[PDB]
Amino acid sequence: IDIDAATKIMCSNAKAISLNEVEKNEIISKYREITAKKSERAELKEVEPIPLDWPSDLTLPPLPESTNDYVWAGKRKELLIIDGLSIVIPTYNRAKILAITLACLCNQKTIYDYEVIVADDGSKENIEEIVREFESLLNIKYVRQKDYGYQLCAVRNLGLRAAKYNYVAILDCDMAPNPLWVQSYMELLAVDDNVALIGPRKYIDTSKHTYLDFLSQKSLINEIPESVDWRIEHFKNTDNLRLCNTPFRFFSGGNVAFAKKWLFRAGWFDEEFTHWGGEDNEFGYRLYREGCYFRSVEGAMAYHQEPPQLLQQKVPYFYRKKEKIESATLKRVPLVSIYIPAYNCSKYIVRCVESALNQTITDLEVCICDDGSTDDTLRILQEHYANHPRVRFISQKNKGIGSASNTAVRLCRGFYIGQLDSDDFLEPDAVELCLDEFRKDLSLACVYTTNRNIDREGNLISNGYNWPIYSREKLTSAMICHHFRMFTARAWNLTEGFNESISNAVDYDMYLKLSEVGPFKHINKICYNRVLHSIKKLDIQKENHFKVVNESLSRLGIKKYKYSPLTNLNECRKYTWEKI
């Protein structure tokens, strides 16, 4: 009835359960032996990357240049009103300076409408006063909340709630915008509301200028001298973030614009960031994982007028550095999330879930979906993991494997997701191995190992099928994405999730949808154990789905070819490309 060694240690470290130095390390010792076995390497062979009979004129649409290739995103297609831009200006009483920015906003040269919401975070100076001073020159609104500390996040969310248009832009009160600021944003958002926009900043002393100066001389901003925005170099070197895999690191909250639909898809600014900051990188980290893009805007230049690291807990993707077990403590947002789709898995679920909790990597969680199990899977799940801090389940009506998967994956909170079916089990270092490949090529959408075939009793049946080198062309020919697969949250959110209509091939289908968004990496080691177990019509629909899935992949705009069967023999998966 006990819980895994790791989770127990982590709780103790965080001092939430008492454990004397003798038990603490008797449990640590136990955790070490249980995760000591390493993975056995599978066997390789002289394989050729691209299949031999791969159509000589057929060309798979190129992948993106990086996880953040908005250009690549642009040329992607399939299957809408630009009313204006809502400009939220978080302000903590820097009156005269605010007026200056406001002034610079009156001189905007754009074709789009734009309102201005001054977000006063309980200023002591009378800010309302200077806003009225502009009521005629601007479609300006005024918003204020009481003073209860450094509530930068709270105010940004108030102003954002107040915003009336489908597009918003955040701009600190000290950030004077150039004359083509508004225009440079709307110009881009209009083309793709799927990419967040970042504006560079410069530095200037506005001390020798009142707001009156900027109003009559609508260009004085592009003149005053000046310290360089550390990001600017990083910008041109990565073709305006187009080649960045960590774009949220450059998402400064003083000047950015994006489609308001992202607030609801990814959430708002974390109001917990009171004594910290990095809420930008955290907010943008969430946009990132939810499929949002980032592009740095040249014309979005603004001037920062001079004034008169627990991301560790919320951003696993790039910041969080691995910690030792004796130091390890649970994280608010875990790094790894193993999703499990369970149905009638009474006798195997525990071994399954435990094989996951007992991993080299303890910074993870397990999310399960009870797909209307008929046996007492749910009861086992309840008396074993109900009050467990690293395991979460949710029940529903049996809607099939695809549906169970989606529910399973939307439940995940981590960045790296792993698939573990309720009847199979992992090796104590599978997550770690895949993690290593991910940390090595931050462009990767998926990394998969191989496996071995197991008996429903445990007995060894045989080593699993193993195709040594991955290639998009080999996957589009045969399911070579052996199990255990571990795919990035972001990549998944760039696809249509799992197919809830097919009765099988649900996996071949997913990794097919994922093989379009990014580069996969294969590891030739056995880190998974898959169990194997009276129809001839059910096998009919089985070879149907295998084929259906491969051509649904046509969602790559390919019509000149059809991945057709070489025979109508159930068990056979031989193919042939027929022209049209």
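The first residue of the sequence shown is number 1, and the count goes up from there.
According to the entry, the deposited sequence has 10 or more residues without coordinates between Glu226 and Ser227.
Gap check for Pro308 to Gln309: 10 or more deposited residues are absent from the model. Of the two segments, 351 to 359 and 246 to 254, the one listed with the higher mean B-factor is 246 to 254 (C-alpha atoms only). Two stretches are in play, 201 to 209 and 90 to 98, and the higher mean C-alpha B-factor belongs to 201 to 209. Comparing C-alpha B-factors across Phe269, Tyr142, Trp230, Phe425 in the deposited entry, the largest value falls on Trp230. Each of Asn166, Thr488, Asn499, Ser216 has a CA temperature factor in the record; the biggest one is found at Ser216. Placement of the Cα temperature factor of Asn451 within the chain: lowest third of the modelled residues, per the deposited record. For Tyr465, the recorded CA temperature factor ranks within the lowest third of the chain's modelled residues.
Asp69: CA B factor in the lowest third of modelled residues in this chain (values from the PDB entry). The entry lists a Cα temperature factor for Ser552 that places it in the highest third of the chain's modelled residues.
Remark: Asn406 belongs to the lowest third of its chain, ranked by C-alpha B-factor as recorded.
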